[PDB]
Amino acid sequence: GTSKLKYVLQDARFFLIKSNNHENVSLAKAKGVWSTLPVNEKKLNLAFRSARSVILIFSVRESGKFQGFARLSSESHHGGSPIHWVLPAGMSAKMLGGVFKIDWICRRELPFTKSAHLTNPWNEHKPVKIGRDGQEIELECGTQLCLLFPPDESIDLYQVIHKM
């Protein structure tokens, strides 16, 4: 069903995450972690304290798809288990410092063709697929977007609900 998912998304905040490669999204799916640039890290840390749920919706550049979505379970933390992110040009491990823990809600893909009816008020009402890494997605648009994804029957939202 979709009732627990709707409960997790109630009064949530949503942010678009753009990754330059699939490798980092695969690593994030396997390890339950994400790292972003310091400008976005500050925004996510502020959002984490402000809302019952902060949802990251992931899209790999040039893929034409979203690769899933996840809920922040912590603010960013430094030190500890390092992450072998595949770093683009100019990208360094020090900028990808600060690791957030995340709980995946859906690890399935959604093609951009399926979200063409959803526009984001916080990005000039452009289609929600359009946006820089870190772009906030307004509540109603983000909720509809998450509900478009195929259900991920490998995930039990019971443990997610308890963290709220």
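Throughout, rigid core stands for the largest set of C-alpha atoms superposing within 1.5 Å between the two forms. All residue numbers refer to positions in the sequence shown, first residue = 1.
For 65-73 versus 32-40, the mean Cα distance to the shown form in 8 other deposited structures of this protein after rigid core alignment is larger for 32-40. When the two stretches 34-42 and 101-109 are set side by side, the higher mean Cα temperature factor goes to 34-42. Stretches 45-53 and 65-73 differ in mean CA B factor, with 45-53 having the higher one. Annotation for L96: CA B-factor lies in the highest third of the chain's modelled residues. In the PDB entry, a CA B factor belonging to the highest third of its chain's modelled residues is recorded for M164. When all modelled residues of the chain are sorted by CA temperature factor, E140 is found within the middle third.
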